[PDB]
Amino acid sequence: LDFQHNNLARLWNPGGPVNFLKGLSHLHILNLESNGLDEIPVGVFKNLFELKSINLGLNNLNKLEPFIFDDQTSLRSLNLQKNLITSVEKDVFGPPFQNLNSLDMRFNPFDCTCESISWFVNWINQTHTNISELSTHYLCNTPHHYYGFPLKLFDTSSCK
RNA sequence: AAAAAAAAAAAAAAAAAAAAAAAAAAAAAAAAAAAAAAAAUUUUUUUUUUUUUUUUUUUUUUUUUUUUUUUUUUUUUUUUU
């Protein structure tokens, strides 16, 4: 199922969000790139156990609700590049990262802070996921000291 | 049998005045009613024309990366009749 460039942003409060993908078990790859989505409500990826790929790139996503991906235990490739993601939390990207094969979140305003990337930096340090241009297009945007700084070269010894 | 004067009563009819009332018609003044035309405070709805913000489709233009064919400007080491 491919929904590239369809302006689905406001569909996810116009009388309640639409619970799209209701019991769509056999879907393999889902692509919703460049739809301008701003907020993804909880309980929208339920019952998607056999899904393998999610592509939500070229959007503006900064409000990552907890437990968005709960049934995505079989995800193989997650694409979120060229978005407005600021922080990567464990409770949001945990289950999708259990067996992820390729990850793409380049060109994002990452925040090089303890609360934001510590878990992500630890995961990157202790994973074998194939990520392209990890050290080039993953520079942080804030603060000034960490502006334009590689994401992989972050010390988590002062965190947790 | 008839005709007249003082003095006291009673009966029919006509024209009057005052009082107690009762009806019909006509004038106002109050208490209400049903309406066909009116104005004036508040909250909402439809439609037309236009303002602002956000997200995307088509087309056009600028810059950068990469790839394929022609005009080719050159060449170093060689071969060559």
# chains A, B, ... in the order shown; residues from 1 in each chain; ligands from 1
call {"tool": "interface_residues", "arguments": {"of": "chain A", "to": "chain B", "cutoff": "9 Å", "atoms": "only C-alpha atoms (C1' of nucleotides)", "output": "list in words"}}
result
residues 5, 6, 7, 8, 9, 10, 34, 35, 36 and 37 of chain A
call {"tool": "select_by_dssp", "arguments": {"residues": "chain A", "states": "strand (DSSP E or B)", "output": "PyMOL selection string"}}
result
chain A and resi 2+29-31+39+53-55+63+77-79+102-104+110-111+130+140-142
call {"tool": "write_last_selection", "arguments": {"atoms": "C-alpha atoms", "output": "mmCIF file, in the first residue's frame"}}
result
data_model
loop_
_atom_site.group_PDB
_atom_site.id
_atom_site.type_symbol
_atom_site.label_atom_id
_atom_site.label_comp_id
_atom_site.auth_asym_id
_atom_site.auth_seq_id
_atom_site.Cartn_x
_atom_site.Cartn_y
_atom_site.Cartn_z
ATOM 1 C CA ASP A 2 1.511 3.315 -1.135
ATOM 2 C CA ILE A 29 5.036 -2.624 3.235
ATOM 3 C CA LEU A 30 3.347 0.683 4.086
ATOM 4 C CA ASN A 31 4.488 3.923 2.448
ATOM 5 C CA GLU A 39 0.751 14.332 14.834
ATOM 6 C CA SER A 53 8.267 -1.410 6.121
ATOM 7 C CA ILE A 54 7.124 2.050 7.219
ATOM 8 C CA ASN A 55 8.088 5.150 5.214
ATOM 9 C CA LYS A 63 5.091 14.978 18.517
ATOM 10 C CA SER A 77 12.886 -1.069 7.403
ATOM 11 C CA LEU A 78 11.848 2.207 9.045
ATOM 12 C CA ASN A 79 12.173 5.437 7.053
ATOM 13 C CA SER A 102 17.709 -0.681 7.752
ATOM 14 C CA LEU A 103 17.039 2.677 9.423
ATOM 15 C CA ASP A 104 16.822 6.101 7.762
ATOM 16 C CA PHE A 110 18.171 16.292 16.131
ATOM 17 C CA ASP A 111 18.673 17.650 19.652
ATOM 18 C CA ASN A 130 22.582 -0.916 8.193
ATOM 19 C CA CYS A 140 22.273 18.120 15.486
ATOM 20 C CA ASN A 141 20.588 21.518 15.247
ATOM 21 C CA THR A 142 20.626 22.517 18.942
#
call {"tool": "atom_distance", "arguments": {"atom1": "atom CA of residue A:81", "atom2": "atom CA of residue A:139"}}
result
12.7 Å
call {"tool": "select_by_dssp", "arguments": {"residues": "chain A", "states": "helix (DSSP H, G or I)", "output": "ChimeraX atom specification"}}
result
/A:9-11,90-93,95-97,114-125
call {"tool": "write_last_selection", "arguments": {"atoms": "N, CA, C and O atoms", "output": "tab-separated table (two decimals), in the first residue's frame"}}
result
chain	number	residue	atom	x	y	z
A	9	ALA	N	-2.33	14.73	6.26
A	9	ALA	CA	-1.91	15.30	7.53
A	9	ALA	C	-3.07	15.46	8.50
A	9	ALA	O	-3.08	14.86	9.59
A	10	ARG	N	-4.07	16.26	8.12
A	10	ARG	CA	-5.15	16.60	9.04
A	10	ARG	C	-6.06	15.42	9.37
A	10	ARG	O	-6.84	15.51	10.32
A	11	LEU	N	-5.96	14.31	8.62
A	11	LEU	CA	-6.80	13.15	8.91
A	11	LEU	C	-6.40	12.46	10.20
A	11	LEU	O	-7.21	11.73	10.77
A	90	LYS	N	12.87	5.75	23.87
A	90	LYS	CA	12.85	4.30	23.85
A	90	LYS	C	11.42	3.76	23.74
A	90	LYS	O	11.16	2.83	22.97
A	91	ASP	N	10.49	4.34	24.50
A	91	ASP	CA	9.12	3.83	24.53
A	91	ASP	C	8.38	4.01	23.21
A	91	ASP	O	7.31	3.42	23.04
A	92	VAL	N	8.92	4.80	22.29
A	92	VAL	CA	8.28	5.04	21.00
A	92	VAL	C	8.87	4.16	19.91
A	92	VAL	O	8.14	3.59	19.10
A	93	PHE	N	10.20	4.03	19.87
A	93	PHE	CA	10.89	3.29	18.82
A	93	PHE	C	11.50	1.98	19.32
A	93	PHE	O	12.42	1.46	18.69
A	95	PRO	N	9.92	-1.38	20.10
A	95	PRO	CA	9.51	-2.59	19.37
A	95	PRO	C	9.91	-2.57	17.90
A	95	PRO	O	10.33	-3.60	17.37
A	96	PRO	N	9.80	-1.43	17.20
A	96	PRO	CA	10.27	-1.42	15.80
A	96	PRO	C	11.77	-1.63	15.66
A	96	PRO	O	12.22	-2.03	14.58
A	97	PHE	N	12.56	-1.38	16.70
A	97	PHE	CA	14.00	-1.53	16.64
A	97	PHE	C	14.48	-2.91	17.09
A	97	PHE	O	15.69	-3.15	17.12
A	114	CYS	N	20.83	15.08	26.70
A	114	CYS	CA	20.78	13.84	27.47
A	114	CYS	C	19.40	13.19	27.38
A	114	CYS	O	19.30	11.96	27.27
A	115	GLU	N	18.33	13.99	27.43
A	115	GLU	CA	16.99	13.43	27.43
A	115	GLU	C	16.55	12.94	26.06
A	115	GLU	O	15.60	12.16	25.97
A	116	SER	N	17.23	13.36	24.99
A	116	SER	CA	16.75	13.12	23.63
A	116	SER	C	17.42	11.92	22.96
A	116	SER	O	16.73	10.99	22.53
A	117	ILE	N	18.75	11.92	22.87
A	117	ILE	CA	19.46	10.98	22.02
A	117	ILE	C	20.28	9.97	22.81
A	117	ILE	O	20.95	9.13	22.19
A	118	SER	N	20.24	10.01	24.14
A	118	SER	CA	21.06	9.09	24.93
A	118	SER	C	20.73	7.64	24.61
A	118	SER	O	21.62	6.83	24.31
A	119	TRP	N	19.44	7.29	24.65
A	119	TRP	CA	19.03	5.94	24.29
A	119	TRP	C	19.34	5.64	22.83
A	119	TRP	O	19.79	4.55	22.49
A	120	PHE	N	19.09	6.62	21.95
A	120	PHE	CA	19.38	6.42	20.53
A	120	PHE	C	20.88	6.25	20.29
A	120	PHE	O	21.29	5.40	19.49
A	121	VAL	N	21.70	7.05	20.97
A	121	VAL	CA	23.15	6.92	20.81
A	121	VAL	C	23.62	5.56	21.31
A	121	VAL	O	24.45	4.90	20.67
A	122	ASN	N	23.09	5.11	22.46
A	122	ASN	CA	23.45	3.79	22.97
A	122	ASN	C	23.04	2.70	21.99
A	122	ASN	O	23.81	1.76	21.74
A	123	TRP	N	21.83	2.80	21.44
A	123	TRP	CA	21.37	1.80	20.47
A	123	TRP	C	22.27	1.77	19.24
A	123	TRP	O	22.67	0.70	18.78
A	124	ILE	N	22.62	2.95	18.72
A	124	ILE	CA	23.49	3.02	17.55
A	124	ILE	C	24.85	2.41	17.86
A	124	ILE	O	25.43	1.69	17.04
A	125	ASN	N	25.37	2.68	19.06
A	125	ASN	CA	26.66	2.10	19.45
A	125	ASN	C	26.58	0.58	19.57
A	125	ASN	O	27.56	-0.11	19.25
call {"tool": "atom_distance", "arguments": {"atom1": "atom CA of residue A:152", "atom2": "atom CA of residue A:64"}}
result
21.6 Å
call {"tool": "atom_distance", "arguments": {"atom1": "atom CA of residue A:106", "atom2": "atom CA of residue A:134"}}
result
7.4 Å
